[PDB]
$ cat work36.cif   # mmCIF, C-alpha atoms and all ligand atoms
data_run
loop_
_atom_site.group_PDB
_atom_site.id
_atom_site.type_symbol
_atom_site.label_atom_id
_atom_site.label_comp_id
_atom_site.auth_asym_id
_atom_site.auth_seq_id
_atom_site.Cartn_x
_atom_site.Cartn_y
_atom_site.Cartn_z
ATOM 1 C CA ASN E 539 25.529 -12.767 -28.853
ATOM 2 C CA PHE E 540 27.992 -10.013 -29.963
ATOM 3 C CA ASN E 541 31.625 -11.052 -29.572
ATOM 4 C CA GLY E 542 30.798 -12.906 -26.308
ATOM 5 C CA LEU E 543 28.309 -10.389 -24.920
ATOM 6 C CA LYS E 544 25.328 -12.616 -24.234
ATOM 7 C CA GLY E 545 22.074 -10.938 -23.319
ATOM 8 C CA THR E 546 18.376 -10.569 -24.031
ATOM 9 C CA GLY E 547 16.401 -7.655 -25.415
ATOM 10 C CA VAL E 548 15.248 -5.797 -28.507
ATOM 11 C CA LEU E 549 17.651 -4.078 -30.904
ATOM 12 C CA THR E 550 16.894 -0.700 -32.474
ATOM 13 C CA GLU E 551 18.579 2.178 -34.314
ATOM 14 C CA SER E 552 20.614 4.735 -32.368
ATOM 15 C CA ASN E 553 22.067 8.105 -33.337
ATOM 16 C CA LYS E 554 24.844 8.381 -30.739
ATOM 17 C CA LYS E 555 28.301 8.535 -32.305
ATOM 18 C CA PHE E 556 31.119 6.156 -31.363
ATOM 19 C CA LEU E 557 34.773 7.050 -31.807
ATOM 20 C CA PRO E 558 36.805 4.488 -33.790
ATOM 21 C CA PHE E 559 38.378 2.988 -30.648
ATOM 22 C CA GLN E 560 35.041 2.429 -28.849
ATOM 23 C CA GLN E 561 32.745 -0.570 -29.248
ATOM 24 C CA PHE E 562 30.555 -0.697 -26.134
ATOM 25 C CA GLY E 563 28.384 1.886 -24.434
ATOM 26 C CA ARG E 564 27.481 2.049 -20.749
ATOM 27 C CA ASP E 565 25.216 3.849 -18.294
ATOM 28 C CA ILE E 566 25.191 4.798 -14.604
ATOM 29 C CA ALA E 567 24.433 1.248 -13.474
ATOM 30 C CA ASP E 568 27.533 0.203 -15.489
ATOM 31 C CA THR E 569 25.679 -2.257 -17.717
ATOM 32 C CA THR E 570 26.116 -2.334 -21.482
ATOM 33 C CA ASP E 571 23.300 -0.699 -23.433
ATOM 34 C CA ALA E 572 24.799 0.122 -26.853
ATOM 35 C CA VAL E 573 26.907 -2.064 -29.141
ATOM 36 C CA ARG E 574 28.361 -1.860 -32.634
ATOM 37 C CA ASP E 575 27.516 -4.658 -35.057
ATOM 38 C CA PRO E 576 30.829 -6.350 -35.951
ATOM 39 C CA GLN E 577 30.062 -6.846 -39.718
ATOM 40 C CA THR E 578 28.771 -3.375 -40.571
ATOM 41 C CA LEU E 579 29.718 -0.220 -38.659
ATOM 42 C CA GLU E 580 26.206 0.736 -37.541
ATOM 43 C CA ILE E 581 25.308 1.420 -33.907
ATOM 44 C CA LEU E 582 22.543 -0.480 -32.117
ATOM 45 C CA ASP E 583 20.734 0.430 -28.898
ATOM 46 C CA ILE E 584 19.815 -2.311 -26.423
ATOM 47 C CA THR E 585 16.681 -2.106 -24.281
ATOM 48 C CA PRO E 586 14.948 -4.923 -22.384
ATOM 49 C CA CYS E 587 11.622 -6.523 -23.189
ATOM 50 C CA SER E 588 8.330 -5.301 -21.752
ATOM 51 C CA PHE E 589 7.780 -6.204 -18.107
ATOM 52 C CA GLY E 590 5.459 -5.192 -15.299
ATOM 53 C CA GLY E 591 3.186 -6.419 -12.535
ATOM 54 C CA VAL E 592 -0.139 -8.206 -12.213
ATOM 55 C CA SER E 593 -2.767 -7.738 -9.501
ATOM 56 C CA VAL E 594 -5.975 -9.687 -8.889
ATOM 57 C CA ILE E 595 -9.269 -8.143 -7.761
ATOM 58 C CA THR E 596 -11.412 -10.697 -5.960
ATOM 59 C CA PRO E 597 -14.411 -10.705 -3.639
ATOM 60 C CA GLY E 598 -14.556 -13.370 -0.949
ATOM 61 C CA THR E 599 -14.041 -16.935 -2.107
ATOM 62 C CA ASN E 600 -17.404 -17.994 -0.693
ATOM 63 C CA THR E 601 -19.157 -14.947 -2.145
ATOM 64 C CA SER E 602 -18.067 -15.724 -5.710
ATOM 65 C CA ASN E 603 -15.334 -17.181 -7.907
ATOM 66 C CA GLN E 604 -15.150 -14.269 -10.373
ATOM 67 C CA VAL E 605 -12.115 -11.979 -10.478
ATOM 68 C CA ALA E 606 -10.662 -8.913 -12.175
ATOM 69 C CA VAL E 607 -7.005 -8.490 -13.135
ATOM 70 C CA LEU E 608 -5.023 -5.238 -13.276
ATOM 71 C CA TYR E 609 -1.871 -4.659 -15.343
ATOM 72 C CA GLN E 610 0.154 -2.087 -13.447
ATOM 73 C CA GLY E 611 1.373 1.008 -15.248
ATOM 74 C CA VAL E 612 0.933 -0.010 -18.881
ATOM 75 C CA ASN E 613 -0.828 1.601 -21.830
ATOM 76 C CA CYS E 614 -3.762 -0.662 -22.513
ATOM 77 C CA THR E 615 -2.770 -1.422 -26.140
ATOM 78 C CA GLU E 616 0.581 -2.980 -25.175
ATOM 79 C CA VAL E 617 -0.755 -6.267 -23.763
ATOM 80 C CA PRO E 618 -3.099 -7.402 -26.608
ATOM 81 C CA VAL E 619 -0.092 -7.622 -28.937
ATOM 82 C CA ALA E 620 1.723 -10.048 -26.617
ATOM 83 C CA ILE E 621 -1.106 -12.620 -26.698
ATOM 84 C CA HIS E 622 0.645 -15.617 -28.256
ATOM 85 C CA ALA E 623 1.892 -19.022 -27.165
ATOM 86 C CA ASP E 624 5.232 -19.060 -25.320
ATOM 87 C CA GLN E 625 5.315 -15.262 -25.110
ATOM 88 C CA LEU E 626 3.873 -14.313 -21.685
ATOM 89 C CA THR E 627 4.948 -15.615 -18.277
ATOM 90 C CA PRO E 628 1.344 -16.031 -17.054
ATOM 91 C CA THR E 629 -0.208 -18.600 -19.374
ATOM 92 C CA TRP E 630 -3.826 -17.456 -18.835
ATOM 93 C CA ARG E 631 -3.843 -15.005 -21.729
ATOM 94 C CA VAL E 632 -7.498 -15.861 -22.381
ATOM 95 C CA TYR E 633 -8.410 -13.261 -19.773
ATOM 96 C CA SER E 634 -6.763 -10.399 -21.689
ATOM 97 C CA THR E 635 -9.453 -10.877 -24.336
ATOM 98 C CA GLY E 636 -12.145 -10.823 -21.672
ATOM 99 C CA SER E 637 -14.536 -8.068 -20.648
ATOM 100 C CA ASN E 638 -14.366 -4.404 -21.584
ATOM 101 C CA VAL E 639 -11.121 -2.653 -20.680
ATOM 102 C CA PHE E 640 -11.147 0.602 -18.715
ATOM 103 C CA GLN E 641 -7.896 2.586 -18.708
ATOM 104 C CA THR E 642 -6.766 4.220 -15.446
ATOM 105 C CA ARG E 643 -3.628 6.019 -14.277
ATOM 106 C CA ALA E 644 -2.386 2.766 -12.702
ATOM 107 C CA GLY E 645 -2.948 0.722 -15.869
ATOM 108 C CA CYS E 646 -6.048 -0.681 -17.489
ATOM 109 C CA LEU E 647 -8.012 -3.319 -15.601
ATOM 110 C CA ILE E 648 -9.752 -6.098 -17.512
ATOM 111 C CA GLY E 649 -12.957 -7.846 -16.497
ATOM 112 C CA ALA E 650 -14.742 -5.029 -14.634
ATOM 113 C CA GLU E 651 -17.118 -2.478 -16.142
ATOM 114 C CA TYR E 652 -17.154 1.257 -15.437
ATOM 115 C CA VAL E 653 -20.334 2.818 -14.071
ATOM 116 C CA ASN E 654 -20.429 6.602 -13.631
ATOM 117 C CA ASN E 655 -22.415 7.044 -10.420
ATOM 118 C CA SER E 656 -20.676 7.154 -7.035
ATOM 119 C CA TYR E 657 -20.490 4.777 -4.080
ATOM 120 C CA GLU E 658 -18.244 4.279 -1.062
ATOM 121 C CA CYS E 659 -14.835 2.744 -1.676
ATOM 122 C CA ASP E 660 -14.757 -1.039 -1.246
ATOM 123 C CA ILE E 661 -11.539 -2.313 -2.870
ATOM 124 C CA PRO E 662 -9.126 0.581 -3.548
ATOM 125 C CA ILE E 663 -7.677 0.443 -7.058
ATOM 126 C CA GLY E 664 -5.644 3.646 -7.255
ATOM 127 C CA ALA E 665 -5.787 7.302 -8.316
ATOM 128 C CA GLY E 666 -9.427 7.736 -7.332
ATOM 129 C CA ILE E 667 -10.913 4.403 -8.463
ATOM 130 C CA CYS E 668 -12.449 1.693 -6.280
ATOM 131 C CA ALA E 669 -13.923 -1.644 -7.356
ATOM 132 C CA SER E 670 -16.859 -3.489 -5.825
ATOM 133 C CA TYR E 671 -19.128 -6.510 -6.258
ATOM 134 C CA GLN E 672 -22.671 -5.426 -7.118
ATOM 135 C CA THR E 673 -25.788 -6.563 -8.964
ATOM 136 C CA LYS L 930 2.449 39.536 3.695
ATOM 137 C CA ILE L 931 2.349 35.745 4.083
ATOM 138 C CA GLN L 932 2.111 35.150 0.340
ATOM 139 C CA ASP L 933 5.390 36.967 -0.338
ATOM 140 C CA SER L 934 7.154 35.346 2.631
ATOM 141 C CA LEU L 935 6.399 31.853 1.319
ATOM 142 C CA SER L 936 7.947 32.677 -2.071
ATOM 143 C CA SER L 937 10.755 34.812 -0.619
ATOM 144 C CA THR L 938 13.488 32.195 -0.141
ATOM 145 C CA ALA L 939 14.138 28.601 -1.189
ATOM 146 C CA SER L 940 14.328 27.358 2.425
ATOM 147 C CA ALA L 941 10.671 28.079 3.239
ATOM 148 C CA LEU L 942 9.471 24.606 2.177
ATOM 149 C CA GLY L 943 12.542 22.774 3.454
ATOM 150 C CA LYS L 944 10.626 20.291 5.603
ATOM 151 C CA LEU L 945 8.672 18.955 2.615
ATOM 152 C CA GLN L 946 11.815 19.021 0.452
ATOM 153 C CA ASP L 947 14.198 16.621 2.186
ATOM 154 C CA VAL L 948 11.284 14.178 2.408
ATOM 155 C CA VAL L 949 11.256 13.859 -1.379
ATOM 156 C CA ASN L 950 15.053 14.090 -1.683
ATOM 157 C CA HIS L 951 15.737 11.313 0.829
ATOM 158 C CA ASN L 952 13.319 9.046 -1.044
ATOM 159 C CA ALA L 953 15.013 9.666 -4.410
ATOM 160 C CA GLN L 954 18.618 9.912 -3.250
ATOM 161 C CA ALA L 955 18.171 6.521 -1.573
ATOM 162 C CA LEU L 956 17.021 4.993 -4.869
ATOM 163 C CA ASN L 957 20.112 6.122 -6.786
ATOM 164 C CA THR L 958 22.483 4.429 -4.343
ATOM 165 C CA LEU L 959 20.460 1.242 -4.785
ATOM 166 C CA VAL L 960 20.911 1.369 -8.567
ATOM 167 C CA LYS L 961 24.586 2.370 -8.484
ATOM 168 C CA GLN L 962 25.333 -0.412 -5.985
ATOM 169 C CA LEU L 963 25.039 -3.197 -8.556
ATOM 170 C CA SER L 964 28.230 -2.104 -10.345
ATOM 171 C CA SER L 965 30.394 -3.458 -7.500
ATOM 172 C CA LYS L 966 32.165 -6.812 -7.463
ATOM 173 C CA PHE L 967 32.125 -7.828 -3.769
ATOM 174 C CA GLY L 968 35.373 -9.685 -4.376
ATOM 175 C CA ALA L 969 34.166 -11.564 -7.456
ATOM 176 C CA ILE L 970 35.967 -11.573 -10.803
ATOM 177 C CA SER L 971 33.513 -9.227 -12.509
ATOM 178 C CA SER L 972 30.355 -7.272 -11.763
ATOM 179 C CA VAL L 973 28.590 -8.597 -14.877
ATOM 180 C CA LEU L 974 26.716 -11.829 -14.269
ATOM 181 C CA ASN L 975 26.702 -13.286 -17.783
ATOM 182 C CA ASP L 976 30.461 -13.141 -18.350
ATOM 183 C CA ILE L 977 31.234 -15.076 -15.160
ATOM 184 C CA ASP H 734 11.167 -6.799 -8.118
ATOM 185 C CA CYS H 735 13.370 -9.208 -6.164
ATOM 186 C CA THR H 736 13.953 -11.679 -8.987
ATOM 187 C CA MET H 737 14.972 -9.128 -11.624
ATOM 188 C CA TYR H 738 17.077 -6.685 -9.599
ATOM 189 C CA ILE H 739 19.480 -9.441 -8.547
ATOM 190 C CA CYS H 740 19.609 -11.826 -11.513
ATOM 191 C CA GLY H 741 18.525 -9.599 -14.388
ATOM 192 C CA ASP H 742 18.013 -11.333 -17.757
ATOM 193 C CA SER H 743 20.009 -14.408 -16.687
ATOM 194 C CA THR H 744 18.309 -17.795 -16.892
ATOM 195 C CA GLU H 745 20.829 -19.668 -14.725
ATOM 196 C CA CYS H 746 20.677 -17.176 -11.836
ATOM 197 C CA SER H 747 16.930 -17.172 -11.164
ATOM 198 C CA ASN H 748 16.983 -20.927 -10.523
ATOM 199 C CA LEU H 749 19.769 -20.543 -7.963
ATOM 200 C CA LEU H 750 17.810 -17.775 -6.228
ATOM 201 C CA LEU H 751 15.022 -20.263 -5.475
ATOM 202 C CA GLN H 752 17.268 -22.166 -3.053
ATOM 203 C CA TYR H 753 17.341 -19.119 -0.753
ATOM 204 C CA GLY H 754 13.788 -19.795 0.394
ATOM 205 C CA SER H 755 11.521 -16.932 1.429
ATOM 206 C CA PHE H 756 13.674 -13.803 1.135
ATOM 207 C CA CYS H 757 11.852 -12.182 -1.784
ATOM 208 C CA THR H 758 8.349 -12.686 -0.404
ATOM 209 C CA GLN H 759 9.332 -11.108 2.924
ATOM 210 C CA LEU H 760 10.434 -7.944 1.127
ATOM 211 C CA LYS H 761 7.199 -7.838 -0.868
ATOM 212 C CA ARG H 762 5.292 -8.218 2.404
ATOM 213 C CA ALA H 763 7.234 -5.478 4.199
ATOM 214 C CA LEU H 764 6.985 -2.937 1.376
ATOM 215 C CA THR H 765 3.257 -3.561 0.974
ATOM 216 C CA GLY H 766 2.920 -2.696 4.651
ATOM 217 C CA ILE H 767 4.530 0.682 3.996
ATOM 218 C CA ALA H 768 2.426 1.323 0.894
ATOM 219 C CA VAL H 769 -0.933 0.523 2.496
ATOM 220 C CA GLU H 770 -0.081 2.606 5.563
ATOM 221 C CA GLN H 771 0.701 5.687 3.458
ATOM 222 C CA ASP H 772 -2.949 5.818 2.386
ATOM 223 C CA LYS H 773 -4.016 5.879 6.049
ATOM 224 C CA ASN H 774 -1.848 8.894 6.877
ATOM 225 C CA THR H 775 -3.775 10.983 4.349
ATOM 226 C CA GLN H 776 -7.159 9.453 5.215
ATOM 227 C CA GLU H 777 -6.835 10.503 8.867
ATOM 228 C CA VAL H 778 -5.734 14.111 8.345
ATOM 229 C CA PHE H 779 -8.046 15.491 5.673
ATOM 230 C CA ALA H 780 -11.078 13.189 6.035
ATOM 231 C CA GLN H 781 -12.352 14.429 9.407
ATOM 232 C CA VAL H 782 -15.634 15.600 7.827
ATOM 233 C CA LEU M 846 15.729 10.443 -17.582
ATOM 234 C CA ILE M 847 16.860 8.757 -14.367
ATOM 235 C CA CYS M 848 13.293 7.579 -13.771
ATOM 236 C CA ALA M 849 13.641 5.659 -17.050
ATOM 237 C CA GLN M 850 16.907 4.139 -15.773
ATOM 238 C CA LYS M 851 14.765 2.026 -13.410
ATOM 239 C CA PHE M 852 14.758 -1.045 -15.678
ATOM 240 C CA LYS M 853 15.967 -3.008 -12.635
ATOM 241 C CA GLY M 854 12.465 -3.290 -11.177
ATOM 242 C CA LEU M 855 12.236 -0.139 -9.037
ATOM 243 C CA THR M 856 8.752 1.272 -9.640
ATOM 244 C CA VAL M 857 6.583 3.870 -7.913
ATOM 245 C CA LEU M 858 2.892 3.254 -7.282
ATOM 246 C CA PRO M 859 0.393 6.135 -7.427
ATOM 247 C CA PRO M 860 -1.406 7.350 -4.299
ATOM 248 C CA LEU M 861 -5.039 6.412 -3.794
ATOM 249 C CA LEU M 862 -6.227 9.991 -3.210
ATOM 250 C CA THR M 863 -5.695 12.146 -6.277
ATOM 251 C CA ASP M 864 -4.609 15.747 -5.836
ATOM 252 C CA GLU M 865 -7.863 17.201 -7.177
ATOM 253 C CA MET M 866 -9.787 15.309 -4.470
ATOM 254 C CA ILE M 867 -7.543 16.430 -1.610
ATOM 255 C CA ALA M 868 -8.245 20.026 -2.636
ATOM 256 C CA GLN M 869 -11.950 19.278 -2.091
ATOM 257 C CA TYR M 870 -11.489 18.066 1.488
ATOM 258 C CA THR M 871 -9.561 21.255 2.220
ATOM 259 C CA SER M 872 -12.297 23.328 0.576
ATOM 260 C CA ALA M 873 -14.966 21.896 2.885
ATOM 261 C CA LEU M 874 -12.819 22.560 5.954
ATOM 262 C CA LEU M 875 -12.465 26.216 4.938
ATOM 263 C CA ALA M 876 -16.149 26.620 4.017
ATOM 264 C CA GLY M 877 -17.585 25.121 7.199
ATOM 265 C CA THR M 878 -15.230 26.955 9.542
ATOM 266 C CA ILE M 879 -16.217 30.439 8.337
ATOM 267 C CA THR M 880 -20.005 29.996 8.236
HETATM 268 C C1 LIG K 1001 -17.720 -17.608 3.523
HETATM 269 O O1 LIG K 1001 -17.357 -16.243 3.280
HETATM 270 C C2 LIG K 1001 -18.321 -15.303 3.776
HETATM 271 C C3 LIG K 1001 -17.863 -13.932 3.337
HETATM 272 O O2 LIG K 1001 -18.824 -12.937 3.664
HETATM 273 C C4 LIG K 1001 -18.438 -15.439 5.290
HETATM 274 O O3 LIG K 1001 -19.435 -14.543 5.768
HETATM 275 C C5 LIG K 1001 -18.802 -16.871 5.661
HETATM 276 O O4 LIG K 1001 -18.784 -17.024 7.076
HETATM 277 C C6 LIG K 1001 -17.820 -17.853 5.029
HETATM 278 N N1 LIG K 1001 -18.218 -19.225 5.306
HETATM 279 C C7 LIG K 1001 -17.368 -20.168 5.726
HETATM 280 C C8 LIG K 1001 -15.942 -19.740 5.909
HETATM 281 O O5 LIG K 1001 -17.734 -21.317 5.951
HETATM 282 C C1 LIG K 1002 -1.487 5.144 -24.919
HETATM 283 O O1 LIG K 1002 -0.799 5.412 -26.158
HETATM 284 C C2 LIG K 1002 -1.609 6.155 -27.078
HETATM 285 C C3 LIG K 1002 -0.863 6.209 -28.395
HETATM 286 O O2 LIG K 1002 0.284 7.043 -28.303
HETATM 287 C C4 LIG K 1002 -1.884 7.532 -26.492
HETATM 288 O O3 LIG K 1002 -2.721 8.246 -27.397
HETATM 289 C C5 LIG K 1002 -2.552 7.419 -25.125
HETATM 290 O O4 LIG K 1002 -2.557 8.707 -24.523
HETATM 291 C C6 LIG K 1002 -1.792 6.463 -24.199
HETATM 292 N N1 LIG K 1002 -2.558 6.209 -22.986
HETATM 293 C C7 LIG K 1002 -2.055 6.300 -21.748
HETATM 294 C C8 LIG K 1002 -2.994 5.959 -20.629
HETATM 295 O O5 LIG K 1002 -0.890 6.614 -21.541
HETATM 296 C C1 LIG K 1003 -23.307 7.247 -17.539
HETATM 297 O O1 LIG K 1003 -23.409 5.948 -18.121
HETATM 298 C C2 LIG K 1003 -24.701 5.679 -18.686
HETATM 299 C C3 LIG K 1003 -24.675 4.246 -19.164
HETATM 300 O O2 LIG K 1003 -23.768 3.466 -18.397
HETATM 301 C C4 LIG K 1003 -25.003 6.679 -19.801
HETATM 302 O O3 LIG K 1003 -26.322 6.453 -20.283
HETATM 303 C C5 LIG K 1003 -24.874 8.107 -19.287
HETATM 304 O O4 LIG K 1003 -25.009 9.029 -20.361
HETATM 305 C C6 LIG K 1003 -23.520 8.309 -18.613
HETATM 306 N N1 LIG K 1003 -23.422 9.645 -18.049
HETATM 307 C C7 LIG K 1003 -22.523 10.546 -18.460
HETATM 308 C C8 LIG K 1003 -22.559 11.873 -17.765
HETATM 309 O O5 LIG K 1003 -21.721 10.302 -19.355
#
$ encode --input "work36.cif" --output "structure tokens"
Amino acid sequence: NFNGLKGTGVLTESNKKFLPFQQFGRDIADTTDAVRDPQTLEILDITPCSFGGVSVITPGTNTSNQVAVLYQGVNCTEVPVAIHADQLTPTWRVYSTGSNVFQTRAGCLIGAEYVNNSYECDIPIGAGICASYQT
Amino acid sequence: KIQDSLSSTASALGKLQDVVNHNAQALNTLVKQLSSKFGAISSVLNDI
Amino acid sequence: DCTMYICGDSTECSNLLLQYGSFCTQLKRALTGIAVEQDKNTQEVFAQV
Amino acid sequence: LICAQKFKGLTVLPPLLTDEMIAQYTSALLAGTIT
């Protein structure tokens, strides 16, 4: 809360130089993304918290009740850090510490293993990967 | 002769070019659109 | 992302967006139709063998 | 840098068929149409 500028994000160090008559920075979308701390004269850079998408890989409900979950477009080491109470919108963080993680170009999927033979595509994952329910 | 003709001018691959331009020029107008007020006091949601 | 484009990082705007019903899930359903179809356009041209 | 200015929720999903696999379909078309 800087001089009435309420928001939410993470504050870092920035090298961009502000003239003495400037206090706020802006971008193309015309939203503030750089402020000056009103007690020192240092410049801070505002960027939002980590966000993304979640997909669920499931066979038929009658066939089984076991699933796999994909985190779209994230380096696979980002999500284990965020495993704490009142820190992730989905509350089922137990799954993140589940089965072995395989990293793909669409993000790493948890709960499914990675064989290296070839089959026909069953459930298309993305960028040349397909998941299936086998023995 | 075909290999040089393809790389001769910048309008050879025009049909595949406006396909990728129209799909990225349409995204910029979406982003720039949220700086408007639509008759409100301000375009920023928190200060209202 | 319907909920974050419109009411980004505001806690008292996302609640108001819920009263609008089923707008966001129609957009997610229409754009998933486009995305799934785009994989068929390439599976019908090159995969004739 | 504009692609990083998409903190409003505008993302781009990757295609199912990678480029190095499309070049293999085209290779088979060109190797079964000349023999
Ligand atoms: C349960 O799902 C399986 C999926 O293969 C289907 O074959 C079967 O008919 C279903 N049974 C029901 C809906 O009672
Ligand atoms: C994840 O980050 C690590 C550390 O910088 C890097 O070595 C790796 O290439 C990244 N993986 C992906 C899939 O981007
Ligand atoms: C494929 O995986 C098996 C075990 O899952 C391993 O023994 C084998 O060496 C792997 N093949 C290659 C080419 O890495």
$ interface_residues --input "work36.cif" --of "chain M" --to "chain E" --cutoff "12 Å" --atoms "only C-alpha atoms" --output "list in words"
residues 846, 847, 849, 850, 851, 852, 853, 854, 855, 856, 857, 858, 859, 860, 861, 862, 863, 864, 865, 866 and 867 of chain M
$ interface_residues --input "work36.cif" --of "chain E" --to "chain L" --cutoff "8 Å" --atoms "all atoms listed in the file" --output "list in words"
residues 542, 543, 544, 545, 566, 567, 568 and 569 of chain E
$ write_last_selection --input "work36.cif" --atoms "C-alpha atoms" --output "CSV table (one decimal), in the coordinates of the input"
chain,number,residue,atom,x,y,z
E,542,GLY,CA,30.8,-12.9,-26.3
E,543,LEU,CA,28.3,-10.4,-24.9
E,544,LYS,CA,25.3,-12.6,-24.2
E,545,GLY,CA,22.1,-10.9,-23.3
E,566,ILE,CA,25.2,4.8,-14.6
E,567,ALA,CA,24.4,1.2,-13.5
E,568,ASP,CA,27.5,0.2,-15.5
E,569,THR,CA,25.7,-2.3,-17.7
$ residues_around --input "work36.cif" --residues "residue 743 in chain H" --least-positions-apart "2" --cutoff "12 Å" --atoms "only C-alpha atoms" --output "PyMOL selection string"
(chain E and resi 544-547) or (chain L and resi 973-977) or (chain H and resi 736-741+745-750)
$ residues_near_ligand --input "work36.cif" --ligand "ligand LIG 1002 (chain K)" --cutoff "9 Å" --atoms "all atoms listed in the file" --output "list in words"
residues 611, 612, 613, 614, 615, 616, 641, 642, 643, 644, 645 and 646 of chain E
$ residues_near_ligand --input "work36.cif" --ligand "ligand LIG 1001 (chain K)" --cutoff "7 Å" --atoms "all atoms listed in the file" --output "NGL selection string"
:E and (598-601)
$ closest_residue --input "work36.cif" --among "H:758, H:776, H:751, H:766" --to "chain M" --atoms "all atoms listed in the file"
H:776
$ atom_distance --input "work36.cif" --atom1 "CA of residue 584 in chain E" --atom2 "CA of residue 571 in chain E"
4.9 Å
$ interface_residues --input "work36.cif" --of "chain H" --to "chain M" --cutoff "12 Å" --atoms "all atoms listed in the file" --output "ChimeraX atom specification"
/H:734-742,764-765,767-782
$ residues_near_ligand --input "work36.cif" --ligand "ligand LIG 1003 (chain K)" --cutoff "12 Å" --atoms "all atoms listed in the file" --output "number ranges by chain"
E: 651-656
$ atom_distance --input "work36.cif" --atom1 "CA of residue 951 in chain L" --atom2 "CA of residue 968 in chain L"
29.2 Å
$ atom_distance --input "work36.cif" --atom1 "CA of residue 760 in chain H" --atom2 "CA of residue 605 in chain E"
25.7 Å
